[PDB]
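Colleague: I'd like to ask you about the structure that follows.
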Amino acid sequence: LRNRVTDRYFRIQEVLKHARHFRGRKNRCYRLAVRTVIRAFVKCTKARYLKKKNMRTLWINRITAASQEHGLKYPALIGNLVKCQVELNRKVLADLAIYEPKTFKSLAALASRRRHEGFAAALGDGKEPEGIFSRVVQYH
Amino acid sequence: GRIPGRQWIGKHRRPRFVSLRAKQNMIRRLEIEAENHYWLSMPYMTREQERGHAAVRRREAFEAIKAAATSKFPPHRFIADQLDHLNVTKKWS
Amino acid sequence: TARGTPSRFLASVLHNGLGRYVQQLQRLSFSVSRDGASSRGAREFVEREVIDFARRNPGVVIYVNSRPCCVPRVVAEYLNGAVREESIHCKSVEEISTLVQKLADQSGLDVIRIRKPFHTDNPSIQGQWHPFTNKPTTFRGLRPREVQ
Amino acid sequence: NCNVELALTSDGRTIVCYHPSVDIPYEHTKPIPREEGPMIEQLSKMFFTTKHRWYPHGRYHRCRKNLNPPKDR
Amino acid sequence: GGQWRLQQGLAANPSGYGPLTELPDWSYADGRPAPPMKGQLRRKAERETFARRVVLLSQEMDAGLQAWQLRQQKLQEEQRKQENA
Amino acid sequence: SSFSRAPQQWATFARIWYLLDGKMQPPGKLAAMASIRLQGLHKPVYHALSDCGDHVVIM
Amino acid sequence: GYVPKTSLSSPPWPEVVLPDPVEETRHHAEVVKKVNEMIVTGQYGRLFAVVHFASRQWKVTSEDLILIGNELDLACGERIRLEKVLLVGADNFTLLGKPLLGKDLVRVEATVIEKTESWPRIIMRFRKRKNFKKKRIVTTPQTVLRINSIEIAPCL
Amino acid sequence: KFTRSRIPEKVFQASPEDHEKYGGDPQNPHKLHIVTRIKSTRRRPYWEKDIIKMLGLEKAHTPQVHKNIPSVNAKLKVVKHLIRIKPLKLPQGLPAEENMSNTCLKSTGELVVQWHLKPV
């Protein structure tokens, strides 16, 4: 047995240290543990995409809850903070909804105001003055 | 309520219907398509005027390709690599 | 994975940039072998950069020894008493100098998962939300179907 | 609810919102007034939950619970 | 909401060009400007190469037109001169 | 703001009772309002595991 | 033109009439004068600010921490003036910009505390029945900032 | 058999209703196209994958400037359902060497050679 592998304990414990919190003989026996630990690492690397996706639908749920509380909806709040060139993202808005609700009150009121201006400026088509908050900022 | 073979292959298939989503999506791709049809209609040079207007730039670009193919040859070999490797027995006295 | 690994919230050590910044690394212990091949690059660092490094940032005290029991090494000790021990086995001078600045650049806190990318301790100014922030009051505090 | 005073500064590159905190009026306020199975029914109906939340659980499950977890904020 | 952005001449994606990508994110408290961001260096260089190509193409187009006018005028000079003697 | 830790948390998470008259109404608009309020989807504190749902009394 | 009041004549959302621009600019002048006269006298408490740093916006209160997934090429402890402030709020007013508040109005300053690696992040690919199995470990660079000042100028 | 498709000539002869709607002038036609790819070439025949590589449009939603000559017109016409063609407008002059660093492409198709970002 001119040279046989002596360094094998350490392969097995590379793999078995990521399996100690498992259930059943997958926490202790190597063939079973190999399968499940590879399966664990694969789930980790697809769960990065699912973590970003989960975070954004949680933000949409919270902002919807706060703006449904202030009369608006989610589309009215977002698609009217767009039209004022207010570029907050969802994370900021959901944090504002929880921790600073007079500022969310201000945002929901501004969004509804700009909504009614963006219809009443669009209800009287033809030449008029434009609305107050329908005035854009050009960058040149 | 079963579809006989596989759902979307065969003689008998599960029916698929057109949402207003699908009609709107297809109609707006048609609008983009139509503007493309418009702008491909006013060509600047006529087909005789372009004959040769950039032969020089194509020939120089191909000479770059051609001389980029032939300038291929093994790398230079130096001494300092060899003796740089004598350094792997180096110490402090 | 992350379910397997410990996890900690984000922190400083002791309000580390509020009043003044404190260089959080105390010690380093290079242990470079005289006649040893694995410490080759480490020895070059000691002749080349470690005086410049020790003069660049004086908050650290630096010990250069000979003959470790296993592997040439840096022993970084921080002001929360943590020890990070890195092996500089078979490394060139570039990699060692980046690792030593890596050690200086950090705080003693572990390199386990940080649960949040942010840490506020006074999070809320206009008052945190409770179900009675925006709800309107009644008259005489009555509830629905309350007679008088 | 919303009672805020919204404005632009004159140039129109900011939006200033004025929102004071409105206190609750005094009139809108009241004066202060001065076995094991049947166990799980009584607790469930006290706390409005299903029975399953109060059934105990194994040593193995109680042995994965972290008892020095990180706090924050 | 990026159809409204396209109508107004803003970009559909506000993280494209705008103040929120092409201003610098930070500066020293003393007032010294930052090193330029490596994304912004990359994007300015993309913009460089694009404008270089537009200039090259425009020169090739109009040089082709002028060369065709020269071919026609020299042909007509030869037409008028071969109708002599 | 400026509550103590336990009362600020107690104010935030503790549950509310909502009456909801059901006369002449369809059972699905009642169900849609009541389902949103039973899950906790009317709170900006909403998390799936938070167990933040409220009480609904449909008469 | 006149329509009797039936079910579907006037749509169910409420009718609000936009005020004329003259008294509305009078109103805006009154509001801006109130808010600026608060700012000149310090009638506010502590401030928060939504700030568009590295690629994503943070809600930043003074005296706190922000972890940023890149190496910022700044020596440790070094002060920074976080430009691109895009909301600044207090207990009794806010100021949001379109999209950015001016640099002449809000100063937000931070420091760089620490410049770490992250934890090792495992990237495993696996395709089955195909002997396809790859593993990578990525340690990302991270820098932690501490935000010191949110100071507001009364230039409205 | 599905094959290549000759598009009839009459499709690319615009009417005056076009010239009112779009902003073109049939007299004095424009310099260059800005072409965007908006539709992947997967699930498309190999000749359209070839022409997308030849036009340099590989990355979706990336503008590419192409000459308004007939030859580029023919390559574009085969792949006109994958792309978007806008005229390259020049409001000012084309960028001289001085400002050719400090340029911009505007979404309306036009290239403005002075890149500011300040309030006006």
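Chain labels A, B, ... are given in the sequence in which chains occur in the structure tokens; within each chain residues are numbered consecutively from 1, and ligands are likewise numbered from 1 in the order shown.
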Would you mind listing what lies within 12 Å of residue 31 of chain E as a list in words, with only C-alpha atoms counted and same-chain residues fewer than 5 positions away left out?

Modeller: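 Returned residues: residues 26 of chain E; 79, 80, 81, 82, 83, 103, 107 and 109 of chain G.
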
Colleague: Please identify every residue of chain E that has at least one atom no more than 7 Å from any atom of chain B, counting only C-alpha atoms, and report them as a ChimeraX atom specification.

Modeller: /E:60,64-65,68

Colleague: With C-alpha atoms retained, write the just-selected residues as a JSON list (two decimals), in the first residue's frame.

Modeller:
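Saved as selection.json:
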[["chain", "number", "residue", "atom", "x", "y", "z"],
["E", 60, "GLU", "CA", -17.55, 59.40, -43.35],
["E", 64, "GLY", "CA", -18.81, 60.22, -49.20],
["E", 65, "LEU", "CA", -21.28, 62.79, -50.48],
["E", 68, "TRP", "CA", -19.54, 61.62, -55.18]]

Colleague: Per residue of chain F within 7 Å of chain C, note the shortest atom pair and the distance in Å to one decimal, counting only C-alpha atoms, and order the rows by chain and increasing residue number, as a Markdown table.

Modeller:
| residue | atom | partner | partner_atom | distance |
| --- | --- | --- | --- | --- |
| F:1 | CA | C:127 | CA | 4.1 |
| F:11 | CA | C:130 | CA | 5.5 |
| F:12 | CA | C:130 | CA | 4.0 |

Colleague: Could those residues be written to a file, using N, CA, C and O atoms, as a tab-separated table (two decimals), in the first residue's frame?

Modeller:
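The file below, again21.tsv, is the result:
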chain	number	residue	atom	x	y	z
F	1	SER	N	-43.66	59.25	21.18
F	1	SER	CA	-42.23	59.28	21.43
F	1	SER	C	-41.99	59.56	22.89
F	1	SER	O	-42.86	60.08	23.58
F	11	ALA	N	-47.49	49.57	23.27
F	11	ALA	CA	-48.36	50.40	22.49
F	11	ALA	C	-48.35	49.98	21.04
F	11	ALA	O	-49.40	49.94	20.40
F	12	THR	N	-47.17	49.65	20.51
F	12	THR	CA	-47.08	49.34	19.10
F	12	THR	C	-47.81	48.06	18.75
F	12	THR	O	-48.67	48.04	17.87

Colleague: For residue 65 of chain G, list every protein, DNA or RNA residue within 7 Å, evaluated using only C-alpha atoms, and leave out those in the same chain fewer than 5 positions away; present the list as a PyMOL selection string.

Modeller: (chain C and resi 118-120) or (chain G and resi 144-147)

Colleague: Looking only at the backbone, which of the residues in chain G does DSSP tag as alpha helix (DSSP H), as number ranges by chain?

Modeller: G: 21-41

Colleague: Write the residues you've just listed into a file as an mmCIF file, in the first residue's frame, and include N, CA and C atoms for each of them.

Modeller:
data_model
loop_
_atom_site.group_PDB
_atom_site.id
_atom_site.type_symbol
_atom_site.label_atom_id
_atom_site.label_comp_id
_atom_site.auth_asym_id
_atom_site.auth_seq_id
_atom_site.Cartn_x
_atom_site.Cartn_y
_atom_site.Cartn_z
ATOM 1 N N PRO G 21 -54.187 80.342 -7.782
ATOM 2 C CA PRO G 21 -52.756 80.456 -7.463
ATOM 3 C C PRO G 21 -52.368 81.675 -6.640
ATOM 4 N N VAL G 22 -53.183 82.730 -6.581
ATOM 5 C CA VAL G 22 -52.768 83.941 -5.873
ATOM 6 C C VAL G 22 -52.769 83.714 -4.368
ATOM 7 N N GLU G 23 -53.925 83.354 -3.808
ATOM 8 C CA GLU G 23 -53.948 83.075 -2.381
ATOM 9 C C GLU G 23 -53.185 81.811 -2.040
ATOM 10 N N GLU G 24 -52.944 80.937 -3.009
ATOM 11 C CA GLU G 24 -52.131 79.777 -2.689
ATOM 12 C C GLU G 24 -50.652 80.126 -2.602
ATOM 13 N N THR G 25 -50.154 81.037 -3.441
ATOM 14 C CA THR G 25 -48.790 81.511 -3.224
ATOM 15 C C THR G 25 -48.680 82.329 -1.950
ATOM 16 N N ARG G 26 -49.742 83.044 -1.580
ATOM 17 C CA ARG G 26 -49.783 83.690 -0.270
ATOM 18 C C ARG G 26 -49.659 82.671 0.856
ATOM 19 N N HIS G 27 -50.392 81.568 0.740
ATOM 20 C CA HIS G 27 -50.296 80.472 1.693
ATOM 21 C C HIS G 27 -48.899 79.879 1.750
ATOM 22 N N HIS G 28 -48.292 79.629 0.588
ATOM 23 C CA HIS G 28 -46.958 79.046 0.571
ATOM 24 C C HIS G 28 -45.943 79.982 1.196
ATOM 25 N N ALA G 29 -46.081 81.285 0.954
ATOM 26 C CA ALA G 29 -45.192 82.246 1.593
ATOM 27 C C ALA G 29 -45.358 82.226 3.104
ATOM 28 N N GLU G 30 -46.595 82.086 3.581
ATOM 29 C CA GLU G 30 -46.812 81.982 5.020
ATOM 30 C C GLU G 30 -46.168 80.729 5.596
ATOM 31 N N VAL G 31 -46.292 79.599 4.902
ATOM 32 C CA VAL G 31 -45.744 78.346 5.423
ATOM 33 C C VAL G 31 -44.224 78.388 5.450
ATOM 34 N N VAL G 32 -43.610 78.840 4.357
ATOM 35 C CA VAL G 32 -42.158 78.918 4.298
ATOM 36 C C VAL G 32 -41.629 79.919 5.311
ATOM 37 N N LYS G 33 -42.353 81.012 5.546
ATOM 38 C CA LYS G 33 -41.915 81.945 6.572
ATOM 39 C C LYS G 33 -41.977 81.315 7.957
ATOM 40 N N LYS G 34 -43.035 80.549 8.259
ATOM 41 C CA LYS G 34 -43.097 79.846 9.545
ATOM 42 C C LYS G 34 -41.938 78.878 9.715
ATOM 43 N N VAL G 35 -41.670 78.075 8.687
ATOM 44 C CA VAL G 35 -40.675 77.020 8.829
ATOM 45 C C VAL G 35 -39.273 77.602 8.894
ATOM 46 N N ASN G 36 -38.996 78.628 8.097
ATOM 47 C CA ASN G 36 -37.691 79.255 8.204
ATOM 48 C C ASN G 36 -37.519 79.982 9.526
ATOM 49 N N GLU G 37 -38.579 80.580 10.065
ATOM 50 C CA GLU G 37 -38.411 81.230 11.354
ATOM 51 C C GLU G 37 -38.300 80.214 12.480
ATOM 52 N N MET G 38 -38.784 78.988 12.271
ATOM 53 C CA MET G 38 -38.400 77.926 13.193
ATOM 54 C C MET G 38 -36.933 77.585 13.079
ATOM 55 N N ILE G 39 -36.415 77.498 11.862
ATOM 56 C CA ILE G 39 -35.048 77.028 11.709
ATOM 57 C C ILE G 39 -34.054 78.050 12.246
ATOM 58 N N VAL G 40 -34.320 79.351 12.065
ATOM 59 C CA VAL G 40 -33.359 80.374 12.494
ATOM 60 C C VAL G 40 -33.207 80.375 14.009
ATOM 61 N N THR G 41 -34.255 79.999 14.728
ATOM 62 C CA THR G 41 -34.210 80.042 16.177
ATOM 63 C C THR G 41 -33.979 78.684 16.801
#

Colleague: Write down, as JSON, numbers by chain, each residue of chain E that has any atom within 12 Å of an atom of chain A, counting only C-alpha atoms.

Modeller: {"E": [1, 2, 3, 4, 5, 6, 7, 8, 9, 10, 11, 12, 13, 14, 15, 17, 18, 19, 20, 22, 23]}

Colleague: Expressed in Å to a single decimal, how great is the separation between atom CA of residue 58 of chain G and atom CA of residue 89 of chain G?

Modeller: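 Answer for the atom CA of residue 58 of chain G to atom CA of residue 89 of chain G separation: 13.4 Å.
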
Colleague: Would you give me, as a tab-separated table, each residue of chain H having an atom within 10 Å of an atom of chain E, along with its shortest atom pair and that distance in Å to one decimal, using only C-alpha atoms and sorting by chain and residue number?

Modeller:
residue	atom	partner	partner_atom	distance
H:31	CA	E:58	CA	7.1
H:32	CA	E:58	CA	7.8
H:63	CA	E:50	CA	9.2
H:64	CA	E:50	CA	8.1
H:65	CA	E:54	CA	6.8
H:66	CA	E:57	CA	8.0
H:67	CA	E:57	CA	6.8
H:68	CA	E:61	CA	8.8
H:69	CA	E:61	CA	8.6
H:88	CA	E:54	CA	9.2
H:94	CA	E:55	CA	7.2
H:95	CA	E:51	CA	7.3
H:96	CA	E:55	CA	8.6
H:97	CA	E:52	CA	9.4
H:100	CA	E:51	CA	6.6
H:101	CA	E:48	CA	5.9
H:102	CA	E:44	CA	8.2
H:103	CA	E:47	CA	7.0
H:104	CA	E:47	CA	7.0
H:105	CA	E:47	CA	8.2
H:106	CA	E:9	CA	7.6
H:107	CA	E:9	CA	6.2
H:108	CA	E:9	CA	6.5
H:111	CA	E:51	CA	8.6
H:113	CA	E:51	CA	9.1
H:116	CA	E:19	CA	9.8
H:117	CA	E:19	CA	6.3
H:118	CA	E:19	CA	8.4

Colleague: So that each row is one residue of chain G with an atom at most 10 Å from chain C, can you give its shortest atom pair and the distance in Å to one decimal, using only C-alpha atoms, rows by chain and rising number, as CSV?

Modeller:
residue,atom,partner,partner_atom,distance
G:45,CA,C:125,CA,8.6
G:46,CA,C:125,CA,7.2
G:47,CA,C:125,CA,7.5
G:48,CA,C:125,CA,7.5
G:58,CA,C:118,CA,8.5
G:59,CA,C:123,CA,9.1
G:60,CA,C:120,CA,8.0
G:61,CA,C:123,CA,7.2
G:62,CA,C:122,CA,8.7
G:63,CA,C:18,CA,6.7
G:64,CA,C:120,CA,5.4
G:65,CA,C:119,CA,5.2
G:66,CA,C:118,CA,4.6
G:67,CA,C:117,CA,4.9
G:68,CA,C:117,CA,7.3
G:69,CA,C:117,CA,9.0
G:75,CA,C:105,CA,8.5
G:76,CA,C:105,CA,6.9
G:77,CA,C:21,CA,5.5
G:78,CA,C:21,CA,8.7
G:79,CA,C:17,CA,9.6
G:89,CA,C:125,CA,8.6
G:90,CA,C:125,CA,6.9
G:91,CA,C:126,CA,5.0
G:92,CA,C:126,CA,7.8
G:93,CA,C:126,CA,9.7
G:110,CA,C:17,CA,8.9
G:111,CA,C:17,CA,6.8
G:112,CA,C:17,CA,7.9
G:113,CA,C:17,CA,6.3
G:114,CA,C:106,CA,4.9
G:115,CA,C:105,CA,5.2
G:116,CA,C:106,CA,5.4
G:117,CA,C:111,CA,7.4
G:118,CA,C:111,CA,6.2
G:119,CA,C:111,CA,5.2
G:120,CA,C:112,CA,8.4
G:121,CA,C:1,CA,7.7
G:122,CA,C:1,CA,7.1
G:123,CA,C:1,CA,10.0
G:143,CA,C:106,CA,9.0
G:144,CA,C:12,CA,8.7
G:145,CA,C:17,CA,8.5
G:146,CA,C:17,CA,6.2
G:147,CA,C:18,CA,8.3
G:148,CA,C:18,CA,6.5
G:149,CA,C:18,CA,9.7

Colleague: Please save C-alpha atoms of the selected residues as a short mmCIF file (atom, residue, chain, number, x, y, z; two decimals), in the first residue's frame.

Modeller:
data_model
loop_
_atom_site.label_atom_id
_atom_site.label_comp_id
_atom_site.auth_asym_id
_atom_site.auth_seq_id
_atom_site.Cartn_x
_atom_site.Cartn_y
_atom_site.Cartn_z
CA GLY G 45 -35.19 68.92 18.27
CA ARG G 46 -33.11 66.29 16.50
CA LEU G 47 -33.17 65.72 12.76
CA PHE G 48 -33.29 62.77 10.44
CA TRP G 58 -30.43 55.49 4.12
CA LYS G 59 -32.63 57.07 6.75
CA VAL G 60 -29.95 58.69 8.84
CA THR G 61 -30.26 60.21 12.28
CA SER G 62 -27.26 61.84 13.84
CA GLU G 63 -24.87 59.76 15.96
CA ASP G 64 -25.25 56.34 14.28
CA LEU G 65 -23.92 53.58 12.01
CA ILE G 66 -24.17 52.65 8.32
CA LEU G 67 -22.58 49.58 6.70
CA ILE G 68 -21.63 49.98 3.07
CA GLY G 69 -20.69 47.17 0.76
CA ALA G 75 -8.32 56.43 5.85
CA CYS G 76 -10.13 55.45 9.01
CA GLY G 77 -11.70 58.14 11.18
CA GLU G 78 -11.90 60.56 8.31
CA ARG G 79 -14.81 62.95 8.04
CA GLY G 89 -37.22 66.02 8.81
CA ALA G 90 -37.78 67.10 12.36
CA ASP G 91 -40.50 66.71 14.95
CA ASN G 92 -42.59 69.55 13.51
CA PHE G 93 -41.58 70.05 9.86
CA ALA G 110 -20.08 61.23 8.72
CA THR G 111 -16.82 59.45 9.46
CA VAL G 112 -15.28 56.18 8.36
CA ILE G 113 -14.86 53.97 11.36
CA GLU G 114 -13.86 50.57 10.17
CA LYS G 115 -12.89 48.84 6.97
CA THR G 116 -13.62 45.16 7.22
CA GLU G 117 -14.21 42.12 5.11
CA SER G 118 -17.57 40.50 5.40
CA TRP G 119 -18.15 37.01 6.55
CA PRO G 120 -17.39 34.26 4.03
CA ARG G 121 -20.36 33.97 1.66
CA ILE G 122 -20.62 30.59 -0.04
CA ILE G 123 -21.58 30.41 -3.72
CA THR G 143 -16.85 49.86 5.40
CA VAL G 144 -18.76 51.13 8.40
CA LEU G 145 -19.53 54.84 8.70
CA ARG G 146 -20.71 56.72 11.79
CA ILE G 147 -22.85 59.73 11.06
CA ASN G 148 -22.11 62.68 13.30
CA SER G 149 -23.91 65.76 12.24
#

Colleague: May I ask you to extract the residues of chain G within 6 Å of chain A, using only C-alpha atoms, and to give them as an MDAnalysis selection string?

Modeller: chainID G and resid 98:99 123:124

Colleague: Looking only at strand (DSSP E or B) from DSSP on the backbone, list the matching residues of chain G as a PyMOL selection string.

Modeller: chain G and resi 48-53+56-61+64-68+80-82+85-89+93-97+106-117+121-127+132-138+141-152

Colleague: Report the closest atom pair, with its distance in Å rounded to one decimal, for each residue of chain B that has an atom no farther than 9 Å from chain C; count only C-alpha atoms, sort by chain and then rising residue number, and write it as a Markdown table.

Modeller:
| residue | atom | partner | partner_atom | distance |
| --- | --- | --- | --- | --- |
| B:88 | CA | C:37 | CA | 6.9 |
| B:89 | CA | C:37 | CA | 6.7 |
| B:90 | CA | C:40 | CA | 7.4 |
| B:91 | CA | C:35 | CA | 5.1 |
| B:92 | CA | C:34 | CA | 5.6 |
| B:93 | CA | C:34 | CA | 7.9 |

Colleague: Enumerate, in order of chain and increasing residue number, the residues of chain D with an atom no farther than 9 Å from chain G, each with its shortest atom pair and distance in Å to one decimal, counting only C-alpha atoms, as JSON lines.

Modeller:
{"residue": "D:5", "atom": "CA", "partner": "G:31", "partner_atom": "CA", "distance": 6.9}
{"residue": "D:6", "atom": "CA", "partner": "G:28", "partner_atom": "CA", "distance": 7.3}
{"residue": "D:7", "atom": "CA", "partner": "G:28", "partner_atom": "CA", "distance": 4.7}
{"residue": "D:8", "atom": "CA", "partner": "G:28", "partner_atom": "CA", "distance": 6.3}
{"residue": "D:9", "atom": "CA", "partner": "G:156", "partner_atom": "CA", "distance": 6.3}
{"residue": "D:10", "atom": "CA", "partner": "G:29", "partner_atom": "CA", "distance": 7.9}
{"residue": "D:12", "atom": "CA", "partner": "G:98", "partner_atom": "CA", "distance": 8.2}
{"residue": "D:13", "atom": "CA", "partner": "G:98", "partner_atom": "CA", "distance": 5.4}
{"residue": "D:14", "atom": "CA", "partner": "G:97", "partner_atom": "CA", "distance": 4.1}
{"residue": "D:15", "atom": "CA", "partner": "G:96", "partner_atom": "CA", "distance": 5.1}
{"residue": "D:16", "atom": "CA", "partner": "G:95", "partner_atom": "CA", "distance": 4.5}
{"residue": "D:17", "atom": "CA", "partner": "G:94", "partner_atom": "CA", "distance": 5.1}
{"residue": "D:18", "atom": "CA", "partner": "G:93", "partner_atom": "CA", "distance": 4.5}
{"residue": "D:19", "atom": "CA", "partner": "G:92", "partner_atom": "CA", "distance": 5.3}
{"residue": "D:20", "atom": "CA", "partner": "G:92", "partner_atom": "CA", "distance": 4.9}
{"residue": "D:21", "atom": "CA", "partner": "G:92", "partner_atom": "CA", "distance": 7.0}

Colleague: Quick one: pull the distance between atom CA of residue 126 of chain A and atom CA of residue 89 of chain H, Å, one decimal.

Modeller: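 For atom CA of residue 126 of chain A relative to atom CA of residue 89 of chain H, the distance reads 28.4 Å.
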
Colleague: Could you state the separation of atom CA of residue 34 of chain A and atom CA of residue 15 of chain A in Å, given to one decimal place?

Modeller: 6.5 Å

Colleague: Would you pick out the contacts of residue 31 of chain D at 12 Å or less, using only C-alpha atoms, so that residues sharing its chain but fewer than 6 positions from it are not included, and give the list as a PyMOL selection string?

Modeller: chain C and resi 140-142

Colleague: Take the residues from that selection and put them in a file with N, CA, C and O atoms, as a PDB file, in the first residue's frame.

Modeller:
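Resulting contents of again.pdb:
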ATOM      1  N   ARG C 140     -66.397  62.311  24.180  1.00  0.00           N
ATOM      2  CA  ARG C 140     -66.429  61.744  25.530  1.00  0.00           C
ATOM      3  C   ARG C 140     -65.841  60.322  25.548  1.00  0.00           C
ATOM      4  O   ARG C 140     -66.187  59.495  26.392  1.00  0.00           O
ATOM      5  N   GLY C 141     -64.950  60.012  24.612  1.00  0.00           N
ATOM      6  CA  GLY C 141     -64.275  58.728  24.606  1.00  0.00           C
ATOM      7  C   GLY C 141     -65.161  57.524  24.403  1.00  0.00           C
ATOM      8  O   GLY C 141     -64.802  56.427  24.831  1.00  0.00           O
ATOM      9  N   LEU C 142     -66.320  57.697  23.782  1.00  0.00           N
ATOM     10  CA  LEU C 142     -67.205  56.571  23.560  1.00  0.00           C
ATOM     11  C   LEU C 142     -66.648  55.642  22.495  1.00  0.00           C
ATOM     12  O   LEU C 142     -65.899  56.046  21.608  1.00  0.00           O
TER      13      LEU C 142
END

Colleague: Within 6 Å of chain H, which residues of chain B show up? Give each one with its shortest atom-to-atom distance in Å (one decimal) and the two atoms involved, counting only C-alpha atoms, rows by chain then rising residue number, as JSON lines.

Modeller:
{"residue": "B:36", "atom": "CA", "partner": "H:85", "partner_atom": "CA", "distance": 5.4}
{"residue": "B:37", "atom": "CA", "partner": "H:12", "partner_atom": "CA", "distance": 6.0}
{"residue": "B:41", "atom": "CA", "partner": "H:12", "partner_atom": "CA", "distance": 4.8}
{"residue": "B:42", "atom": "CA", "partner": "H:29", "partner_atom": "CA", "distance": 5.7}
{"residue": "B:43", "atom": "CA", "partner": "H:68", "partner_atom": "CA", "distance": 5.5}
{"residue": "B:44", "atom": "CA", "partner": "H:29", "partner_atom": "CA", "distance": 5.7}
{"residue": "B:45", "atom": "CA", "partner": "H:69", "partner_atom": "CA", "distance": 5.5}
{"residue": "B:47", "atom": "CA", "partner": "H:70", "partner_atom": "CA", "distance": 5.9}

Colleague: Of the candidates C:55, C:134, C:139, C:148, which one gets nearest to residue 70 of chain A if we count only C-alpha atoms?

Modeller: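 When distances to residue 70 of chain A are compared using only C-alpha atoms, the smallest one comes from C:134.
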
Colleague: For chain F, list the residues within 8 Å of chain A, counting only C-alpha atoms, and write the list as number ranges by chain.

Modeller: F: 41-47
